[PDB]
Amino acid sequence: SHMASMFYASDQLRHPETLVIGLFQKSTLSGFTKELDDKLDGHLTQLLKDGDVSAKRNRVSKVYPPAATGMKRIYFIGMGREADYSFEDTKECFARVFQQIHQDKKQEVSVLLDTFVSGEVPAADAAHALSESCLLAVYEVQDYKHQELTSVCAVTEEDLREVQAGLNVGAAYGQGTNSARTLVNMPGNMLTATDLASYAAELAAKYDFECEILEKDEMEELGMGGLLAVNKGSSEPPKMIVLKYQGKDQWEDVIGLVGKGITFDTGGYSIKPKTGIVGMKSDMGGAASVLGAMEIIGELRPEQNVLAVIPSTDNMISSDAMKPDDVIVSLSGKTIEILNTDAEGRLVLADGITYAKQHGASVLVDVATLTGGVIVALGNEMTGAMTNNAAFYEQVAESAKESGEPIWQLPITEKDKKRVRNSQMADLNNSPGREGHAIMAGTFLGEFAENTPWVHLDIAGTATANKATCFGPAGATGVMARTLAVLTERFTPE
Ligand code: NI
Ligand SMILES: [Zn+2]
Ligand SMILES: [Zn+2]
């Protein structure tokens, strides 16, 4: 059927109307750029000389050549010094330049990929940078208010099957990210647990994954007390969304990914302040992460098994909502005292984690926008991590190093498990205080993890951003979707 892709590798500059060219801080031109300079009677040299065009990293200069040439626009993007130039410099160079092209409302673009390759960054890599960074930079918030770029040609003298391969993975990663951004940016009345369950089903159909969606009654029968406690105040029914992707002949070494899917967090009876409750549609950020990553896995079909489990519900006030001091029986059969109804996320994750384990997960990663504390500990741009297994954590850390999404581990100590076990009435205390706030939530989850190698990721700070950047709009960031995807590529068992 020969379907056209947005990103296309060619050896020819068929579409020279709109160009994108990287410039190093060499002090001579070469390759295409030199030919262009000559083709332009030395104008590009003059512009560099006068500083109208700059090779300083992330400077973007737009030149409009004479119509005589076949070119209307050139977007020059500075790359700094070639000795310092790395892959993630490439990502940022593409992001900066497509920010500008997205503003300019251009439809077709020819990138001279080779102007971006170097010792450190080969063609296939530059290609990955381009599609991923392009997709992230040009993303638009799906709004409900009362132009699109649809062709990017990567023009290169290198193996087209390889370059195209880079463009394809780049594009998969960006697509899953943007998917997650979408789910996250959606107003809570537009995305209930029910809507989240349709999305998952559509995804399951599209990529032929096994999908099961447990409803309240099956949850009652199975004893899912965590997820049912949070849902008690809701009229919107709950969902436990399960997705199976078996990409190995044997259902074994299964990677369990658990996402917090709280579709709106009011904080419940332990009520949240007037400023704190705005933006709490984004409390399903963790679910976005895993769904985003399923999309990526569905596109790249790696040789790995993955169980995705997403407990999903809103957290509301009513005549029947959970109350502070309630004691509950989790799925695992552990009892939990609810000291704080705003610590609802770890209740649902606890059931999610025990379910994943019950369904053959042999390693776990949970992703949750879980605590304000993580923001205090690490800021808005560094996701917090906790683990019960250094070896598995190394795999997750390395994934994040490849992803480019920064992670930092916080300790779980014996003293920490002491605090979480400190409840007068139950096995576990859902909220011991602000002291090591993020670690308390990690520590609680790890009790449900028991012996299964596990990593918890708190994306309360990294799941959203106040301001636009080169890599996308204000609002949801789709953080972690990449890192989970990469983890499933790179994961090898014990
Ligand atoms: Ni063409
Ligand atoms: Zn909460
Ligand atoms: Zn929450």
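At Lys49 and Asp253, where each label point lies 7 Å from the Cα along Cα→Cβ, what is the point-to-point distance in nanometres?
According to this spin-label approximation, the distance is 6.0 nm.
Could you tell me whether region 346-459 comes out rounded, prolate or oblate from its Cα gyration tensor? Rule is a ≥ b ≥ c as square roots of the eigenvalues, rounded for a/c under 1.5, then prolate if a/b exceeds b/c, otherwise oblate.
Oblate, since a/c reaches 1.5 and b/c is not below a/b.
Which shape class applies to region 172-494: rounded if a/c is under 1.5, otherwise prolate when a/b exceeds b/c and oblate if not, where a ≥ b ≥ c are the square roots of the Cα gyration tensor eigenvalues? Spell out each step's value before the answer.
Working: a/c = 1.25, a/b = 1.23, b/c = 1.02.
Rounded.
Can you list residues from other chains, or at least 5 along the same chain, whose modelled amide H is less than 5 Å from the amide H of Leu370?
The list, which skips near neighbours in sequence, is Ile459, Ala460.
For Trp454, enumerate residues with amide H under 5 Å from its amide H, sequence gap 5+ or separate chain, H modeled in the peptide plane.
Correct list: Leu364, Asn388, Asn389.
Calculate the spin-label point distance for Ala205 paired with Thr335, positioning each point 7 Å from the Cα along the beta-carbon direction, and give it in nanometres.
Inter-label distance under the simple model: 4.5 nm.
Can you give me the relative contact order of region 172-494 as a percent, contacts being Cα pairs under 8 Å and 6 or more apart?
Normalised by residue count, the contact order of region 172-494 is 23 percent.
Between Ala391 and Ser5, what is the label-to-label distance in nm when each label sits 7 Å out along the Cα-to-Cβ direction?
3.6 nm
Where does the charge balance sit around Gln46 when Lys and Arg score +1, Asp and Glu -1, over other residues with C-beta under 11 Å from its C-beta?
-3
Need the full-extension length gain, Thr194 to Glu215, defined as separation in residues times 0.36 nm minus the C-alpha distance. One decimal, nm. Each step should come with its number before you reach the end.
Working: separation 21, 0.36 × 21 = 7.56 nm, distance 0.99 nm.
Computed gain between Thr194 and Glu215 is 6.6 nm.
Going by amide H atoms built from the backbone, whose H comes under 5 Å of the H on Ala474, apart from near neighbours?
For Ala474, whose amide H was placed from the backbone, the distant partners under 5 Å are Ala468, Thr469.
Give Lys216/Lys415; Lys56/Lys145; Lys206/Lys272; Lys106/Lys239; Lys216/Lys401; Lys34/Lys105 a once-over and call out the pairs whose C-alpha atoms are over 32 Å from each other. Could you put the intermediate results ahead of the total?
Details: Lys216/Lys415 36 Å; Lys56/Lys145 38 Å; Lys206/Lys272 39 Å; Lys106/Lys239 42 Å; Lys216/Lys401 39 Å; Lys34/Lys105 28 Å.
Going by Cα-Cα distance, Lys216/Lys415; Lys56/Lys145; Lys206/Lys272; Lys106/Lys239; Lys216/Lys401 fall outside the 32 Å limit.
Given the chain, what percent of its DSSP beta bridges are antiparallel, to the nearest 5?
Details: 27 of 67 bridges.
Counting DSSP beta bridges with both partners in the chain, the antiparallel share is about 40 percent.
Report the local net charge at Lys206: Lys and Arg +1, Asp and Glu -1, summed over other residues whose C-beta lies under 15 Å from its C-beta.
Here the charged neighbours net out to -3.
Is region 1-159 best put as rounded, prolate or oblate by its Cα gyration tensor, with a ≥ b ≥ c the root eigenvalues, rounded for a/c under 1.5, and otherwise prolate when a/b is larger than b/c, oblate when not?
Rounded.
Please give the Cα centre distance for region 210-253 versus region 390-449, rounded to the nearest Å.
Here the answer is 23 Å between Cα centres.
Ideal geometry is used to build each Cβ from the backbone, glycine not excepted, and the neighbour counts take in all protein chains shown. No lab work stands behind these numbers, since they all come straight from the coordinates.
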